[PDB]
Number of protein chains: 4
Amino acid sequence: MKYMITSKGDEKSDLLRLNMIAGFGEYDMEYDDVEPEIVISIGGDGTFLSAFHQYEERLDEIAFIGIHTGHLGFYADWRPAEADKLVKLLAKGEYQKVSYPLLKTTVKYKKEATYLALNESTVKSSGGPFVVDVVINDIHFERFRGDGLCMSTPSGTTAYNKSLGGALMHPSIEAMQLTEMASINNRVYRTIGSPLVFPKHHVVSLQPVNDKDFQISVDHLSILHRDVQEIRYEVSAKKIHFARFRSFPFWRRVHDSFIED
Amino acid sequence: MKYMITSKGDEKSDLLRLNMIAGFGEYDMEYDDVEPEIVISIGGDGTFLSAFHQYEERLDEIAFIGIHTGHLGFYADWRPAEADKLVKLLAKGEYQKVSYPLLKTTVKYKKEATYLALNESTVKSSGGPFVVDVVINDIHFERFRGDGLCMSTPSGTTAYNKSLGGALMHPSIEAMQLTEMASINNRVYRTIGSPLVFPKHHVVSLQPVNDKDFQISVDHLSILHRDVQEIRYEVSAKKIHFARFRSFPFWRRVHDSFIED
Amino acid sequence: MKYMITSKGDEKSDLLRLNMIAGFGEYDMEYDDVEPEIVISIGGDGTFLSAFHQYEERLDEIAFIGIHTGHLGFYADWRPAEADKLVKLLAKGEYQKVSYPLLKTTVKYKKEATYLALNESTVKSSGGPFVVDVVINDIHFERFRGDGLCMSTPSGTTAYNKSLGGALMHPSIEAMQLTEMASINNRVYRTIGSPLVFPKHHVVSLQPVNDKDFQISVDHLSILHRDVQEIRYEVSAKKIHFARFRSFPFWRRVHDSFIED
Amino acid sequence: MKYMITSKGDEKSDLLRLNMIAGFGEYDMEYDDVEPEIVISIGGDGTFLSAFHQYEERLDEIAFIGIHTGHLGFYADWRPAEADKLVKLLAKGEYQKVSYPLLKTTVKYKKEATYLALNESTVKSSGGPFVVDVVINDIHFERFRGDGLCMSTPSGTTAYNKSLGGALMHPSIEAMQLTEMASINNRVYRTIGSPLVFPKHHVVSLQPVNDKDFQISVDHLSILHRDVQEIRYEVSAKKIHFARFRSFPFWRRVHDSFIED
Ligand SMILES: Nc1ncnc2c1nc(Br)n2[C@H]1CCCCO1
Ligand SMILES: Nc1ncnc2c1nc(Br)n2[C@H]1CCCCO1
Ligand SMILES: Nc1ncnc2c1nc(Br)n2[C@H]1CCCCO1
Ligand SMILES: Nc1ncnc2c1nc(Br)n2[C@H]1CCCCO1
């Protein structure tokens, strides 16, 4: 079938990349970076992130695999030494597939823009103070004054979400999580402080009070958006499909990354 | 049908309790506190908690209603002024039902004990230091040294869970959440620090290292358990069934309780 | 003696400003905004901040007073209704003086720049990742990877410092406090996590690892600094001198601002 | 001069204890555990704690030394391998002394009891809910509802204080710090949340609202106190005197204990 391979650019990953292509020629595997059915990234979670944010118009037709040339990753959870056995089982077939939830981000102003995020989407101010009204399913929930907000996917709870005091969520739970950044609370302003986890179909909307320019990030990407009228956070209908062979539990992957490997 | 009414004991709740029974006689409603199909509690979330921890052997045959004589509650979310309209719609029928997830707690030693918790179950030490090994689905995750741990239901995230830095979870998500208490971290010990959210079927087990006596709480109840070999936390198969009429979203109930009513 | 008055620019503060000048003509008080011995700001803590960051070359020759036309402030702790009694006691003399500690900030590259901060000084990255080595009195303490760091004066603990989980410090304690921003911790990186309070003469130095451009703030001011070789945080030798009449304890000022006024 | 040596009881510390006494006979050093001028503890910070809480009626007449047979300690900051050089420099004289601040704890009811704490003093409830009014210098500051409170000395910030989110304080700062335990905040109750650092002479008083029984700890010691009318926290006039030779900065001791040794 059709496949392609992403690389981190260094000498370690490119050499490991060419050794899978050479072994791929021994099987019935055609190389195609325009219409691959298997995306394989080699490097780190950042390399996997880019490989995702490149074929995100056909997420329901690709099974991704991630290999970590450096430390262990949460998406690149395959050691380089197990590359040969990967190609053998990858080129055969009849592997199990795994899907993780995603986060739709809608921006309304000059039309309206839409984004998919594997990790999280964060919102800050253009330079001055960050003030937004937080509407949850058409209901004004709070008025947030601080550095910004961050809505995270389940598999993205281990990333920026974790730095902000949020909870680590098992990615089999179709949900999204909102976390606060240096929220100022006093006799005047009042934020919930706690992280909030929203199920499917739950819509969280951010609306400006004064400044209508917000520096918005979608995973690694980050753009300053001008004349913003609304931001829509919502669990996406699309899911990223993983290819799996051996079992690597998310909780074990959490153990190795933070406790001890 | 059969019903019963719990009261907080004060003069406000007992008077409000007798006014529903008197109006109940105007309809086809038999009073029965042994086999009720409708449990109505009057007082606070604590009064609702006791009413739950009393008919918890027939949770799949009762629809609970909670009225708050004081401030708003997360389970007692009906004002006393709306009691008359409750009895009218309660005694008719054809109301919508709502189910919330629960948390099974297994204690192994002298047999083995099992508990259902509407809010949370917490574990502390008998007096000395609290040290436990944390096993997640047969896999040793961490060794916790601190004051204790707390596993919370979704609707219980607003209670003790919230005090420990955990996230607020929408109760339509069948999951449980673990939070840490004053975890000491150094060059030696290492806890995850973050809260952990486990889906259905996920089993979290606590195992002792030295002290085998743990002061364990199940909602309001709290007992010192001697010679403990294991504690099993797990999302319960049973759900508590609520009776609903008007819509009171959990997020609005969170807004009124902490931001402003 | 010589005095001047700062105003917030709105109609409320300018009217209140002219009423003190008119009453000042009834006493022996000369208006002078070049060499005042008494600086009076009218508006909020932001207005007081600007009045400080304007006469900061003669801090040991001025006693500041702050009036709050809006809500109570931590430096503007005088109600507008008590303006007349202020001018009477201000124009007499024989008032008590009060000094608060300050934070010296040294930036080394194109010479070397020095800054005084009444509240705090914060450091972020120019755009990419924020990585710095933290040296405490010539000793490498930690390598910080996150959003940035914030060193706060005692009276500035109530401001950004408080948003980052830091402690509130009584301003009679000559010390400075460092707080972390969304510090990422894993098997690799390791930050202390806790806030650190340094006494007088203690020198905290930040040194770059890769990126040598840091967006640095000094109270309200904020500049991107290029080709930075070192940042020096240190309790300043200069103190801001306050004029006092009635006693307004910092702890009461903390109570009114966050608990209830 | 007169000295005595405390030991942890295990075989490693007692052997190391007898080797200093044997070498002590080679100099002019008399052994005396009733009136020692030098207290030497061997084991851990817990062993040092007990050695402090034993001669605390003559703190201004003793210089303590701590040796760690296990991991490094914050008071037992001398490796066992450097024991011989200790006895030589200890038995000579003309060493530098170092004093750390202490925390006075007054309990009023049956008289009134007073306690000195090297690390911290904590207060919990007798079993039910913990509710206290917090008075700061005769001024009601807040009403705390939660698990308890903890007032820490500067050198005790590294201990329980650190587990509760408090700041690490350099022990040259004569101050005390208060931290909260699982404080519940809602539309009703309101705690400051932040840790509070009080200078010398500042008096913090806890007063009961309903329950007058509080489980109170003073370092390792912990007693349930009945019919309590007030608890008084206050920086003590007495200081613990350390004997020093080489310089071991508190910040380096913090680095080795939590970052990496
Ligand atoms: N989901 C994730 N969990 C933990 N880390 C993640 C992550 N996704 C990415 Br990209 N990362 C990495 C990128 C480089 C190092 C920092 O975070
Ligand atoms: N789920 C919940 N969320 C918030 N509060 C809850 C709660 N359950 C109970 Br009981 N409570 C109340 C009891 C009395 C006041 C403290 O908490
Ligand atoms: N020290 C301080 N403590 C609390 N607030 C402070 C402050 N200094 C300033 Br400026 N502020 C205000 C400015 C406007 C509102 C936000 O913070
Ligand atoms: N001041 C302190 N800082 C850090 N640890 C301290 C401490 N005092 C004591 Br005792 N300890 C130890 C005792 C055994 C291990 C836990 O804490």
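Going by Swiss-Prot, the residues shown for chain C are 1-109, 113-264, listed in order.
Note that Cβ sites are derived from N, Cα and C of the backbone, with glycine treated the same way.
Per Swiss-Prot, the NAD(+) site holds C:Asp45, C:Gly46, C:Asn122, C:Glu123, C:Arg148, C:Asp150, C:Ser158, C:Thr161, C:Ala162, C:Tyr163, C:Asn164, C:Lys165, C:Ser166; the candidate it also names there, chosen from C:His53, C:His204, C:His205, C:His223, is C:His223. Once the 3 unmodelled residues between C:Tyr109 and C:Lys113 are set aside, the endpoints remain 6 angstrom apart, Cα to Cα. According to DSSP, C:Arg148 (NAD(+) binding site) is assigned to a strand segment. With C:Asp45, C:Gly46, C:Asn122, C:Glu123, C:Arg148, C:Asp150, C:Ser158, C:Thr161, C:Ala162, C:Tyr163, C:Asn164, C:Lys165, C:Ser166, C:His223 listed as the residues that bind NAD(+), the site has a largest C-alpha separation of 32 Å.
Of the listed binding-site residues, namely C:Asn122, C:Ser158, C:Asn164, C:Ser166, the sparsest Cβ surroundings within 10 Å are found at C:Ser166. For C:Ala162 (NAD(+) binding site), the count of additional Cβ atoms within 10 Å of its Cβ stands at 20 [all protein chains shown]. Counting only same-chain residues at least 6 apart in sequence, those with a Cβ under 8 Å from the Cβ of C:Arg148 (NAD(+) binding site) are C:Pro132, C:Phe133, C:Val134, C:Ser186, C:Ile187, C:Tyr192, C:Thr194. Shown in sequence order, C:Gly66, C:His68, C:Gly73, C:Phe74, C:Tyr75, C:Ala76, C:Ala162 are the residues of the chain, 6+ apart in sequence, with a C-beta less than 8 angstroms from the C-beta of C:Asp45 (active site, proton acceptor). Checking the recorded positions C:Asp45, C:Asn122, C:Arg148, C:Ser158, C:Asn164, C:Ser166 against chain A with a Cβ-Cβ cut-off under 8 Å leaves C:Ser166, in sequence order. Residues C:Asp45, C:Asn122, C:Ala162, taken from the recorded positions C:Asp45, C:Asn122, C:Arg148, C:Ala162, are distinguished by a CB atom under 6 angstroms from ligand 3.
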